[PDB]
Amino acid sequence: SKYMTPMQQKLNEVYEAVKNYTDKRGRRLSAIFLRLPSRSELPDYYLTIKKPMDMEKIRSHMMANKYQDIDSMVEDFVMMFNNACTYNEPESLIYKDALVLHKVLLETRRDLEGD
């Protein structure tokens, strides 16, 4: 069925809000977060980050219909942002972007509180 339940629509809107957010200069903050690079490409990432997470993984779980609720999806986003903030330095752009996107995530959830 092409029709999403309300819970599915909400999950999609949250996801899409983070994905599509662009700053005043037209930059899409989510670009770097979509797909994690490999073990070779990011030294020490997978030894040091306990639960790797990227937006493609989140998107797949959503498409397979495995978030039972909004908080579960939020959890995964927060894990991703924390991972990025653990691995990268505060001065790095990825770290700054993770902070903005975290605010985008919570604002969006909060805005959709009564759907």
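Just count from 1 along the sequence shown to find any residue number. Take the two forms, find the largest set of C-alpha atoms that superpose within 1.5 Å, and that set is the rigid core.
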(request) Please indicate which stretch deviates more in 8 other deposited structures of this protein: 43-51 or 58-66, judged by C-alpha RMS distance after a core superposition? (result) 43-51
(message) Please tell me which region, 3-11 or 104-112, has C-alphas lying farther from the displayed form on average in 8 other deposited structures of this protein, with superposition done on the core.
(response) 3-11
(request) Pick between 65-73 and 33-41: the one whose mean CA B-factor in the entry is higher. (result) 65-73
(message) Maximum C-alpha temperature factor per the entry, among 16, 107, 23, 97, belongs to which one?
(response) 107
(message) Split into thirds by Cα B-factor across the chain's modelled residues, where does residue 83 land: lowest, middle or highest?
(response) lowest
(request) Sort the modelled residues of this chain by their C-alpha B factor and say whether residue 27 lands in the lowest, middle or highest third. (result) lowest
